[PDB]
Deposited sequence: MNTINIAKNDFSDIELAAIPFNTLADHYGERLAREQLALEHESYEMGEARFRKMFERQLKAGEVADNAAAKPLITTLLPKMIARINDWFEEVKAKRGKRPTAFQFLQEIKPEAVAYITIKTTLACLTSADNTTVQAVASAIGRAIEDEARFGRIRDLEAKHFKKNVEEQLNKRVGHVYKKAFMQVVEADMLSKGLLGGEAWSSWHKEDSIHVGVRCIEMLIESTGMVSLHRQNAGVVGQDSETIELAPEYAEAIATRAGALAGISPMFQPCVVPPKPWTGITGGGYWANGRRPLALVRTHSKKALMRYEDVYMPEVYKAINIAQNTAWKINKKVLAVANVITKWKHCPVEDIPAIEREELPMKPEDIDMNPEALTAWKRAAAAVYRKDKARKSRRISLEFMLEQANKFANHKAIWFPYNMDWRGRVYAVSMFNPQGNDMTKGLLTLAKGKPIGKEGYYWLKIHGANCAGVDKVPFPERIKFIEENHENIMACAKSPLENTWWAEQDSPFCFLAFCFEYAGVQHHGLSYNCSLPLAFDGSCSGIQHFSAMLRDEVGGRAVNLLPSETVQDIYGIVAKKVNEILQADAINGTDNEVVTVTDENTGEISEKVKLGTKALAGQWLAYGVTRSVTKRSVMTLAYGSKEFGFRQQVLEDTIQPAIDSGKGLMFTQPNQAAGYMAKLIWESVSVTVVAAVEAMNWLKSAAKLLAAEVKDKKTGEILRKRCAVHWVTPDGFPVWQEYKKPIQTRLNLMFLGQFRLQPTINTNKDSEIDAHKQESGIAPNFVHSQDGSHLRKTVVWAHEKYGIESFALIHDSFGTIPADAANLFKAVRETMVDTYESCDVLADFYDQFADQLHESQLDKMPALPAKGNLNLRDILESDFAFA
């Protein structure tokens, strides 16, 4: 209940410690040392305040058991509670005579749930309610017990399949009362169908709700010493009451843990000196010896991190330190614009003045509810980014530490960082610029065209777009508030940043010093990498790996292929037929028309199929999506928005149209990018064979335990895949739910997306070192697929990102290297089942050097 302040004797260490001060004062001076270490002192200070504010509000709301400081307390006490409730059940059954009142109520709820609801509600009542009476907390236990018994029978009983239809809207409800009002209208709806056996709940009375709680409190006192019984004015019939007090030893446990956790989570701020170079696993980035040291790899387990101690990966270490050394500064010009517009609009860009009815009304209401929370969540992120940009505005330069995820993608550590949204990217620019020159001016206009959404057109048409709109750009630069043209663009704040740089070149000529980050973003890198490994000519051209006519739109190509089979099916497709299907719950066979492919093609041609229908399906292919996943997508992306808007009259049966759409998209994407589909199948089959435990059926004994998946990337960064699952988990309807084996399903669902994400991270890192050593590039803007630098270095980074990818896949067969990692661990019975390596195609990688639109 009362937590020590860490800052008084412990946060003072990081400012006074001589070794962190000296090692950083040696590099950059004593005065910057006191500023940087005070900034990190503030970083832990605001983080401590975040934990205390959350804990105080959780204490008031009764959600203290949901806080992480109470969690290890719950883990130890609660096995004792389930055994004590299970032992008392057998005691009463052995005893003759009438049962206690609480006995019949207790059996309706699962034994481990009885354990939970008592502890949390006793914690909730002892930390917030100000009433320590036994009677008041027993009724709170029993009322929450009657909740899980009455509405948990929907989840447990013959509605479990139907509960899978009501669970997500229950999860979308925020607050226990809102989750309650939804469960009441659900329960009445199901009773109208006889789904609960027609048995309506008889509400427990107030005397019954106390008896379940009283038996539950004293059963916690028998099992655990958490909670202690006291009597006041005993022997007086008018004033005899019993109170309940939380045990002091358990109070100090959560208080020490809450204090320990508060010093462990700091709010990461940018660095006013260049960040600490990484020499090992830990201690990089920020300079102080803090309570939470930065890890080079963000891992879930410490053991997965300590696997990185011995690996010699010098090129990985060099690339992270080069990215850290990139000097950034706040764009003051766009900050002046952003500081005034956000006062007037909740979102600066959202609203600019410019020239089944039962179910559809619920869906419209759910959109307004989702839009309302989306608005408040979007705004609070904006106010933090603006206050960070205002805080570091006056500094001549700021820096961002970098580390990596377990796949090797590199991320900035500060909460305000250049891998953020458009406004945050707009507020940030590089600090060390050079005179722009003719070539830099060319790429500055190309970057300006990309910010406007003119990325689908060749480079000369991008230049002509800028020069045609020359007067609009200078009008926006001179007065951004008077001309809202820049805000109507695809990347508005980043476009406004281009406008200021474009105006300065017009004012100061080609000698103008420009430090804007000019971003080159790969089109679809997962397919781009996959087509490079297996030499896919057709797939590579679709993702602009080949020098092409125009920019190749893979979404348009798939939509074009879809429209080919659509027109073929409208002529020679199947006719409609009548099929019989039954709901399992209703148990009644009904006859409905199954539309043939000729009718479904006519529906889709009437709607008009463009790249928008095929867009989301192509992106999710690298994440493992297939035909079934596309059906949900095209229903919610295209069919349902059409239906609500007055269109969708062609989609008489929307699920049959969506499934037909999903089949056509999958047939189109599989023949467009064949190496992508083939490679993710081969990786999935590999993780399949390793993640199985191989037992002979007769002996029932393992011949090969469950095996993780490990590969090393061309950079030299090792990566293991170690998806593990807990054995037991427990979930309540109105209350929050709270070694181990390998999750075989997660190993396959993740192997292909993580392998290709590990491939782009190496390519990003190898690009960074190649651009820094072969060319003179010192400033890098990196977002996974995006490569940014100053305009004077833009042409060289254009070459370096191509040169690294050609040099990588000409030197390494990463799939063959992947095979040599796991071939020894394969069981002998699994060897015949393994698919062979996919066949290499006729693609020449040297054409990537001549490809304009790969960008990567």
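- Gaps without C-alpha coordinates occur at 356-371, 755-765, with positions taken along the deposited sequence from 1.
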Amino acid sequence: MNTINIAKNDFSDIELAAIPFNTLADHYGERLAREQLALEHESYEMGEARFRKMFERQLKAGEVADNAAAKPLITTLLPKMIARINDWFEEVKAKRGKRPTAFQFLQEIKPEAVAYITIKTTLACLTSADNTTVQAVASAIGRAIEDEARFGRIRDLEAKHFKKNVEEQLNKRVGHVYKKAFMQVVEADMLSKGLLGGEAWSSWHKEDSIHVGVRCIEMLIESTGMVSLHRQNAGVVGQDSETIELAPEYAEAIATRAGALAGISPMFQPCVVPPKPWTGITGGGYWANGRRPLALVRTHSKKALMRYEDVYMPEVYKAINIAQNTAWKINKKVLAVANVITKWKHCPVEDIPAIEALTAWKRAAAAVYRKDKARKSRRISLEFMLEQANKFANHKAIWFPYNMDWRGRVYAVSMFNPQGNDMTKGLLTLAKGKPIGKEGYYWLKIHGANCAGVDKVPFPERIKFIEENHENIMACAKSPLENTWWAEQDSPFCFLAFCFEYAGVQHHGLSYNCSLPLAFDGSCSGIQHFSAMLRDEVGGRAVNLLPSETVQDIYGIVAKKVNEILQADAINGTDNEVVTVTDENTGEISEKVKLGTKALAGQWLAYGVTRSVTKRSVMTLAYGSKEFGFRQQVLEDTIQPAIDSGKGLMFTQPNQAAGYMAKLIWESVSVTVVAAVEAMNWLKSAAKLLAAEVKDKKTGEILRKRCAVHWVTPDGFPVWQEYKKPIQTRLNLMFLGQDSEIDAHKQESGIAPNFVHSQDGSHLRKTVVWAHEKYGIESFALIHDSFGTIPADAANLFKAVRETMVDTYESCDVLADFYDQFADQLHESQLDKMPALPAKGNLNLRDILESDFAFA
From here on, numbers count along this sequence of modelled residues.
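In this text, rigid core is short for the largest set of C-alphas that superpose within 1.5 Å between two forms.
- When the other structures are laid on the shown form by the core, the C-alphas of 844-852 and 828-836 differ in how far they drift in 8 other deposited structures of this protein; the larger average drift belongs to 828-836.
- Averaged over structures and residues, the CA distance from the shown form in 8 other deposited structures of this protein after a core fit is larger for 165-173, of the two stretches 165-173 and 388-396.
- For the pair 741-749 and 587-595, the mean B factor over Cα atoms is greater in 587-595.
- On average the C-alpha atoms of 636-644 have higher B-factors than those of the other stretch, with 636-644 and 426-434 being the two compared.
- Highest CA B-factor among the listed residues (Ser668, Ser228, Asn576, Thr299): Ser228.
- Across the residues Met661, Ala247, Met306, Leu546, the deposited record lists the maximum Cα B factor for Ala247.
- For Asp490, the recorded CA temperature factor ranks within the lowest third of the chain's modelled residues.
- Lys478 sits in the lowest third of its chain by CA B factor, as recorded in the PDB entry.
- Remark: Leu382 belongs to the middle third of its chain, ranked by C-alpha B-factor as recorded.
- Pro517: CA B factor lies in the lowest third for its chain, per the PDB record.
- When the CA B factors of the chain's modelled residues are split into thirds, the value for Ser829 lands in the highest one.
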